[PDB]
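All remarks here apply to the structure that follows.
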There are 2 protein chains.
Amino acid sequence: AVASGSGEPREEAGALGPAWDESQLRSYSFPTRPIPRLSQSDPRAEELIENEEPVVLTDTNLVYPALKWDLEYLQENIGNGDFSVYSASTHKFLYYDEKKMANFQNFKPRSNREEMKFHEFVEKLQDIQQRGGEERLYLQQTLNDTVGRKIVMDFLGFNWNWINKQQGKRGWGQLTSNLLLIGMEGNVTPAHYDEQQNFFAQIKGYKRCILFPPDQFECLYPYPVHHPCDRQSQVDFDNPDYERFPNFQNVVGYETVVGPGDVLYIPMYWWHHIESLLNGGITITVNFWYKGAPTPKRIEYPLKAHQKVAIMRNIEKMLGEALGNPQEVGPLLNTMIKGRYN
Amino acid sequence: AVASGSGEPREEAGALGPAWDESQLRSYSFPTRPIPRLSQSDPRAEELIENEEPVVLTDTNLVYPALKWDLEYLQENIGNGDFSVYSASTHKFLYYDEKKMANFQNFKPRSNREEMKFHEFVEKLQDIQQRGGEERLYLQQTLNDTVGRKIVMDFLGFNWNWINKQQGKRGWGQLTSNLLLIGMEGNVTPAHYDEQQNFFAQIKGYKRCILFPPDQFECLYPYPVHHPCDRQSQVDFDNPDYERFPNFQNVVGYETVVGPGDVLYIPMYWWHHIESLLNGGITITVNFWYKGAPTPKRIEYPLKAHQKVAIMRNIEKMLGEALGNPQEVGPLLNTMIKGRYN
Ligand SMILES: O=C(O)c1ccc(O)c2ncccc12
Ligand SMILES: O=C(O)c1ccc(O)c2ncccc12
Ligand SMILES: [Zn+2]
Ligand SMILES: [Zn+2]
């Protein structure tokens, strides 16, 4: 019906069959509806981006030259720089902010970061394959000037004309970075929101992206701002604790499967959960992050949900600073509302 | 024991008997301990005021010349100015901030203010006595320059030397006003806190003062800041709703009965409930309000409870302004803490 999820799997050209099938998606408790897949030249697509709603653009050629990328070509050409590689005991990658790690002395990491050369990432990977199992790796590394010449040529051949025009038309700030992501089949990036605009350019393999609007904050229960998992959902999507998180039962997502050549606009403050399909082999993505447009001169009501999220964050941070201890934030907030506003 | 309440009733000079007895106090659910009654010349008294804790000073002569005041002498001399007179259907006077009355269109007042000449206050009073019952009146009027000559002489003969030295030693701001209060026996001013320092100078009859420290905020459940009853306890002391207000069961007060010539220091942010004794006739009090000392240059931790109260107020006000509507404050606060900090 009007909940279709990712919709039917798309047919590859040349009668090559379905690129993926439903058996490759994980099972979750909530419904979803499709994110529209549109031509870059379609007015509707421009309309979505302007109104800060997700859209998959199928023909931008944004990273056309990178479509030839695989492990051998990258190992060959990407150079000798260090690469951040995250590892996990489970399919779920728990990212954490090392700087806030002191705020909760109690916190113990379930995801280790290791710096290593690209060829070492490739090896450890190969090792785990034949090994084999069960550790998972996810390379997540900003693209910098240490990259080899051929990678530089590829980068230069991205569709900067198109994306630069987007940046201009939306009044966004500057491109803050490109992130290279290379994951193992089954890898999951759990639901979280980012504060920057994102064009998610898919290169190799398929990723199922599940987005939730900023007005679903109440259903997704982010960690406290001072927590190392700031901006992530507390909810375990695999075993949701309806007692701690009752409104997760009301959550509705927007879902799509992106493949090579697709670009997903993930608007700032939109929650997103990203999974590399089961048994779909390695995945490669490059993200383009931009600072959002400056907040308007005179503020108009009613506020967007993302502005209320901003307010909440700011109150949290301010209490942390005023009280002199982030640990005291919750107890003051409780004192403030119990029998007064609840 | 170490909960004594007001303690034994004091013996009037000349074998005139107990000025009051326990039967004249209302019954409440919580325990109390006595506020110390000390000489103004006693170092301990200076110590309490400095550390912002209540003390009754028994010999300041602060309002010595006003000790002759009664209704006839005041009617005769206080002049022709208008006087604010509050009226109530019950013994409890519900004060409300008329300016915030728009914030809650739902709110309907249970306490009317009426302006009238002093002689009219005296008459309406007399009327109710013979009438008689059941309306209650409470005259509460700032002392201004419209007062007759004799009242001016009395005012000038207050002990300004003593109180001016207090103001100086505590580094307080300026005297912002003197309030004249004349109540009917049984009148109650319900628990609330003020943001200024207060010397409560008793003149005629007896008032039982029950104070709670600022760290009992969690037990006293003030109204939302934007509510017309801002700074008052939501709890009905006569029928406390332990379901809405469970921590009221943990509340402990400091209690005293003040009579003619006594001065009670009520420190800023300290809750206080004030009742004119049952069957003790008319009561007269003058309050002296001062702005507290400026907040210290470099803030030190740990914070005093009154500073956390200030923080909470400020967060409440800020949300009201940011959201554009005070009605939205509670729902945002709930969204902020549910499943996150509780
Ligand atoms: O792994 C991904 O596909 C991904 C996509 C979009 C994001 O905003 C991310 N943020 C942190 C880690 C991974 C991601
Ligand atoms: O009525 C009183 O005795 C009284 C004493 C101290 C206060 O701070 C008050 N504030 C508002 C109304 C009355 C009072
Ligand atoms: Zn992210
Ligand atoms: Zn008051």
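Start at 1 and go down the list; that is how both ligands and their atoms are numbered. Just so you know, these numbers use all the heavy atoms, side chains as well, and skip hydrogens, waters and symmetry mates. A, B, ... follow the sequence lines: proteins, then strands. Residue 1 opens every chain.
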Item to check | Pair B:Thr176-B:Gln196, side-chain donor/acceptor within less than 3.5 Å | outcome: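 Side-chain D/A pair, B:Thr176 to B:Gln196: present.
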
Checklist entry - Do you see a donor-acceptor pair shorter than 3.5 Å between the side chains of B:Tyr95 and B:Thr189? => result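 Short answer, yes.
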
Checklist entry - Once the angle between the rings of B:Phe83 and B:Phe118 is folded into 0 to 90°, is it parallel (under 30°), tilted (30 to 60°) or perpendicular (over 60°)? => result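 If you compare the ring of B:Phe83 with that of B:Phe118, the planes turn out perpendicular.
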
Checklist entry - Do other residues, nucleotides or ligands put more than 12 heavy atoms under 6.0 Å from the NZ atom of A:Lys92? => result yes

Checklist entry - Which value, rounded to the nearest 0.5 Å, describes the distance between B:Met268 atom CE and B:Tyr290 atom OH? => result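 The CE atom of B:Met268 sits 14.5 Å away from the OH atom of B:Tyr290.
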
Checklist entry - For B:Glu52, does its backbone N or O pair with a side-chain atom of B:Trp270 as donor and acceptor, under 3.5 Å? => result yes

Next on the checklist: side-chain contact (heavy atoms from CB on, under 4.5 Å), that's the test. Do A:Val263 and A:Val55 meet it? Break it down for me.
Outcome noted: CA-CA 8 Å; A:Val263 175; A:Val55 53; over 6 Å; no

Note every protein N or O atom lying under 3.5 Å from an N or O atom of ligand 1, pairing the names and giving the distance.
{"from": "ligand 1", "atom 1": "1 (O)", "to": "A:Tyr138", "atom 2": "OH", "distance (Å)": "2.6"}
{"from": "ligand 1", "atom 1": "1 (O)", "to": "A:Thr189", "atom 2": "OG1", "distance (Å)": "3.1"}
{"from": "ligand 1", "atom 1": "3 (O)", "to": "A:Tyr138", "atom 2": "OH", "distance (Å)": "3.4"}
{"from": "ligand 1", "atom 1": "3 (O)", "to": "A:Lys207", "atom 2": "NZ", "distance (Å)": "2.8"}
{"from": "ligand 1", "atom 1": "8 (O)", "to": "A:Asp194", "atom 2": "OD2", "distance (Å)": "2.5"}
{"from": "ligand 1", "atom 1": "8 (O)", "to": "A:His272", "atom 2": "NE2", "distance (Å)": "2.8"}
{"from": "ligand 1", "atom 1": "10 (N)", "to": "A:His192", "atom 2": "NE2", "distance (Å)": "3.3"}

Checklist entry - A:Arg110: what forms a salt bridge (charged side-chain N to carboxylate O under 4.0 Å, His left out) with it, not counting sequence neighbours? => result none

Item to check | Environment of the Zn ion (ligand 4) in terms of protein N/O/S atoms, cut-off under 2.8 Å | outcome: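 Atoms qualifying: B:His192 NE2, B:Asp194 OD2.
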
Item to check | Set of residues satisfying side chain to side chain donor-acceptor pair (under 3.5 Å) with respect to A:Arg10, sequence neighbours excluded | outcome: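 Partners of A:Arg10 under the side chain to side chain donor-acceptor pair (under 3.5 Å) test: none.
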
